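Asker: following this: a sequence and the matching experimental structure.
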Amino acid sequence: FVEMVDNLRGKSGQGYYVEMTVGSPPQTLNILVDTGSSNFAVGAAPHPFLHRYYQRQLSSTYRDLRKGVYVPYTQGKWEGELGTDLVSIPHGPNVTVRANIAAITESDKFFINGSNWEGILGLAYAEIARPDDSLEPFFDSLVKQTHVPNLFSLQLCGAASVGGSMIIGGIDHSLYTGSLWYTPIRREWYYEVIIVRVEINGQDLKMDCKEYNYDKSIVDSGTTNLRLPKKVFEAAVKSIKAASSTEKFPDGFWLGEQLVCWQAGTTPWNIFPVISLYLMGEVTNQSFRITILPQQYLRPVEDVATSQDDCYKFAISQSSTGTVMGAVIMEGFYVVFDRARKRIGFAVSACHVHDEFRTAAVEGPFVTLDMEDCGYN
Ligand SMILES: Nc1cccc(CCc2ccc3cc[nH]c3c2)n1
């Protein structure tokens with residue numbers, strides 16, 4: 001798996017991408033790694049933001065499926081034409097697979113001006129595939145057509161430029177310390193999990209756990225932030241504000257409507273509480289917890305033109321679609337998407353930013369009853 005170490009690249013806020021090749025002869029593209037969606041979709045036309053795009057005309061192995069797809073977002077979208085073609089990962093397993101590809105022919109607020117990726121690799125399951133669950137995701141084709149074990153793992157670092165590793169088909173023990181703890185995948189659509197308890201600092205929010213998972217909690221490498229359902233975010237924030245009354249900040253800040261700023265090197269790791277999420281464990285009445293630092297939910301904004309300071313954004317925010325454990329969470333940890341056993345494994349990352357005060361942790365077992373009542377139906 002040393003071929004796969006350090007195979008991911010990126011920039012803050014702009015996601016992590018992996019080099020892939022498509023068609024014959026191979027066309028190299030940088031492809032965003034997205035555990036929050038299930039389509040392999042690539043730029044197929046000379047949009048001005050794009051360094052590179054898929055040229056189907058150059059590929060002997062391309063096959064048209066004669067259907068389009070239309071994928072809405074909030075004031076954003078992409079749209080494309082379906083086909084299949086031969087796909088490889090240069091710094092991944094030593095295989096070539098015929099995959100579905102959405103050739104993106106029109107988009108809105110999808111591609112990022114200034115980024116170095118040109119497509120997206122949806123790594124979640126068929127159920128949330130578009131246009132319907134009959135379009136087989138890349139990873140399902142990969143596993144079905146080769147002897148690659150049905151799992152992958154991600155170490156997202158972010159040291160500006162960020163880096164990491166996507167280990168396809170296995171686990172690399174050099175990427176973590178201590179033990180892996182596993183939480184069941186509740187349903188195979190998103191990588192859905194159940195949060196059973198939340199502690200800001202050690203002290204707990206004391207709210208119906210069912211709310212922590214209203215209507216979803218998912219693990220998503222394509223989201224930057226820890227996102228919390230409105231009611232839990234409300235209480236979430238309420239406690240973070242009090243945890244940190246030491247120094248005042250505006251109301252807009254907590255809603256991600258204003259950046260916060262201190263001068264160079266001018267925050268001493270302390271005014272902010274840790275956050276521990278207790279996840280459902282593999283055994284009845286057993287949970288474990290993962291613990292992150294504010295040097296994870298407080299993220300530098302890469303480059304603000306109207307300032308010269310350490311202007312961090314607040315990486316917690318609200319949702320009508322549920323909890324989202326994005327890069328804020330995953331950058332603390334090595335995360336194992338153990339598809340074969342329907343579980344997600346968490347361990348302390350060998351690359352997470354720490355010091356000799358506080359430190360990201362994965363700990364268990366804890367005793368938690370009624371962990372199923374935490375899931376929404
Ligand atoms: N998982 C997820 C949620 C919302 C949208 C997407 C599409 C892929 C994507 C677009 C833009 C950015 C910026 C940072 N990460 C992404 C991922 N996927």
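Answerer: Great, that's in hand. Residues are numbered from 1 along each chain as shown.
Asker: in stretch 361-377, which residues are buried?
Answerer: 361-362, 364, 368, 371, 374-376 (16 or more other C-beta atoms under 10 Å). In short, each C-beta sits where N, CA and C put it, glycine included.
Asker: correction: the previous question concerned stretch 305-322.
Answerer: Neighbour-count burial for stretch 305-322, counted by 16+ other C-beta under 10 Å, picks out 310-319, 322.
Asker: the ligand: which of the residues you listed is nearest?
Answerer: Taking C-beta to the nearest ligand atom as the measure, residue 319 is the one of those closest to the ligand, at 10.9 Å.
Asker: distance of the closest residue to that closest one other than its chain neighbours from the ligand?
Answerer: Of all residues not flanking residue 319 in the chain, residue 227 sits nearest, at 4.7 Å (C-beta to C-beta, 6 or more residues apart in numbering). Separation of residue 227 from the ligand (C-beta to the nearest ligand atom, to the nearest Å): 10 Å.
Asker: circling back to that earlier point, in the buried residues of stretch 305-322, find the pair that's most separated.
Answerer: Based on C-beta to C-beta, the longest span within the buried residues of stretch 305-322 runs between 310 and 322 and measures 31.2 Å.
Asker: closest to the ligand among the buried residues of stretch 361-377?
Answerer: In terms of C-beta to the nearest ligand atom, no member of those lies closer to the ligand than residue 376, at 19.8 Å.
Asker: correct me if wrong: that closest one contacts residue 209.
Answerer: No. Applying C-beta atoms under 8 Å as the test, residue 376 and residue 209 come out as separate, 10.5 Å apart.
Asker: wait, a helix at residue 37?
Answerer: No. Applying DSSP: H, G, I helix; E, B strand; the rest coil, one finds residue 37 to be coil, outside a helix.
Asker: pretty sure it is touching residue 120, no?
Answerer: Yes. Contact criterion C-beta under 8 Å: residue 37 and residue 120 qualify, at 6.8 Å.
Asker: beta partners of residue 362?
Answerer: Bridge pairing for residue 362 (DSSP bridges) gives the partners residue 290.
Asker: that one and residue 127, how far apart?
Answerer: Residue 362 sits 28 Å away from residue 127, going by C-beta to C-beta, to the nearest Å.
Asker: for residue 65, same thing?
Answerer: 20 Å.
Asker: got the buried residues of stretch 361-377 as CSV, with secondary structure columns?
Answerer: CSV is the format used below for the buried residues of stretch 361-377 (three-state DSSP):
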residue, secondary structure
361, strand
362, strand
364, strand
368, coil
371, coil
374, coil
375, coil
376, coil
